[PDB]
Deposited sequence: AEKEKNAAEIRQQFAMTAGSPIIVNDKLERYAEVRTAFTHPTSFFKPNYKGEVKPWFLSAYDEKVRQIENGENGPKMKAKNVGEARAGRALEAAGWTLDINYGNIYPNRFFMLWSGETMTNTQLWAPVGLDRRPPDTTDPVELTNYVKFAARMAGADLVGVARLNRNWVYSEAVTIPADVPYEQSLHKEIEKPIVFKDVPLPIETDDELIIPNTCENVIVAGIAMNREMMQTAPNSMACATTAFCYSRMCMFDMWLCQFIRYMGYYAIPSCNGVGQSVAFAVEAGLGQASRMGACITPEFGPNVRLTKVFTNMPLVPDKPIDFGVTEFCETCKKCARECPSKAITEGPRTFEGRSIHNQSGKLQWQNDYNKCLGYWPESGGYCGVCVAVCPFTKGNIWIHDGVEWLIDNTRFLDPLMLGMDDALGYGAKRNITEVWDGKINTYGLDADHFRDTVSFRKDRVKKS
C-alpha cells in the first residue's frame, strides 16, 4: 500500500485540547535564559583554552579544521578545498538570518508592521493593508492562509490558539537606534505584554501584543536527510543554515499575505516564543526525549517558525502517533549525544537548570552541556536528530487495516557533495508526502 501521509495524520488525530501537561509552578520564561544568551552558558573556551562568546570559539575551530583539511572533529576531509567548501556553504546558508536566529522582535527582518517595508510601499496605492477584511469566515481563511504558507516554503503548516504560557516573558532585543555592527554588544531584555490595543506596537518600555491576537500559525521547514546524517560535521551545519533563511522568507511572505488580507501579523523565527510547544499544540507532531517536535513526515529533522495573528482561523487537532511511548524505551539520542546532555530518565515537571522552563511535563535536558559541544566540534552538532529512528525515511508501514511504526527501526561528506540533491534539498522520493488539497487544509 502506497504511503498516504494524510491518512496517517487522520488516523492519529486527537480530540481538541493542548496536549502539554502543566502544573502550578509554570510561569512564562525569559528568553535570556536560553543557553545561547544566558551569561552562565554564553562563554565557552576555544581549543587553546581562551574563554570567548561560544560562537567565536566555534569559529576558531572551523578555521582550525579548514587549515587541517577536516570536515568536523577528527573527521578528515578529502582535502582542504572540500573542508573549505563545506564551511562556505554553511556560512552562505545564513544569508537571510540575523545573529543566528532572527530573535530580536520588530528589528531587521522581523518587523511587527509592514508599513515601512519596500514591498508595502510599492503596493500602497492598492490599499490592501488598509482595506477592511473581505473574508472573516475562519474556514475559508484557514484554506487561504495554508495555501499561502505552502507557496511561502512551508513543508508542514498548522494552526493553534495562542497559548501565552509559551510566549517569552521578556525578549532579547536591541534598542531601536543601534546599528547592526553594534548589535551583539548592545543586547537588552524587553517585556512582551498583552494589552487592549488595536495593533502590535513597540514602545520604549514594552513589546505589546494585542489581546485580539488569537492564533498562531506554525510552519515546518524540512532539512535535508543526507546532510543531517553527517552530524556533527559541516554539511549538517549547512542544511541547518539554509533552513533558517527559508524560515525568514516564510515569515515575511506570510505576514505580508495576512496584512494584505486586512489583518495583522507578527513574525518570529527563533524569537517571541517556544516553537516546539506551539508546534505540538498545532498538531505538527509530538514532543520527544531529545526535546524537539517529532513529525510523521520528517521526524525531528525539520525546522520550525511561527506567525501570530488575529486572523480568524480553525485550529488543527493535536496528533498522537505514539512518540512518547517510543521515546520511553528508545534512548538512542541520549546514548549517542557527545555531551551527555539528554536525560535517560523519566519526564518530570522540574527543570534541570535555568535553561529549562519548569512546570510542564517533559524530558529535562542539560542544554549547557549541549552548547558546550558546539565550539568543540565547530558546528551545530545535530547528532540526536541524525540518529533518531523517526529521521529515517522508512518508518511507516500498513498492515492491511491501519498504519503503524516499524519497530525494527528502533533495534561520508565527499559522497554527499557527489550524491543526490534537488531543489531546496527536498527529496523527490518523499515529496508526495506533503501534497495538499483543501480537504487536508481545513475540515
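For this chain, the deposited residues without C-alpha positions form the stretches 1 to 2, 414 to 430, 463 to 464, given in sequence order.
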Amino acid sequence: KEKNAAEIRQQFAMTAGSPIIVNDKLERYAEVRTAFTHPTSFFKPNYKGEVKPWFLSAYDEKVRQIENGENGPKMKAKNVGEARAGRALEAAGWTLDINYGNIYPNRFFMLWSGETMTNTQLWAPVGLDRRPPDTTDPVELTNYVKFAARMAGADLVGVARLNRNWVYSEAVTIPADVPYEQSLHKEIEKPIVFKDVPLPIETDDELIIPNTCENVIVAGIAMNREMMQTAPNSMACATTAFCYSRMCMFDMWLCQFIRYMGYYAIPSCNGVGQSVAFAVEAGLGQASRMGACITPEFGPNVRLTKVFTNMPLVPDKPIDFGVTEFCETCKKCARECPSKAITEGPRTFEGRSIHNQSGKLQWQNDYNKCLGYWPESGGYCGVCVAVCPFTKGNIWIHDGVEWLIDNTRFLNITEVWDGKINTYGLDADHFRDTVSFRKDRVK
From here on, numbers count along this sequence of modelled residues.
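Checked against the other entries of this protein, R409 counts as unresolved in at least one third of those spanning it. Annotation: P45 does not belong to the positions left without coordinates in a third of the other compared entries; each one with flanking residues models it. Remark: stretch with higher mean C-alpha B factor among 190 to 198 and 107 to 115 is 190 to 198.
In this crystal structure, the stretch out of 257 to 265 and 75 to 83 whose C-alpha atoms carry the higher mean B factor is 75 to 83. In this structure the maximum Cα B-factor among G351, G153, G93, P300 is found at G351. Take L26, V387, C381, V416 and read off each C-alpha B-factor from the entry; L26 has the highest.
Among all modelled residues in this chain, the alpha-carbon of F242 has a temperature factor (C-alpha) in the lowest third. Sort the chain's modelled residues by C-alpha temperature factor and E50 lands in the highest third, per the entry. In this PDB entry, the Cα temperature factor of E325 sits in the top third of its chain's modelled residues, the highest group. Sort the modelled residues of the chain by CA B factor and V139 lands in the middle third.
Ranked by C-alpha B-factor against the other modelled residues of its chain, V159 falls in the middle third.
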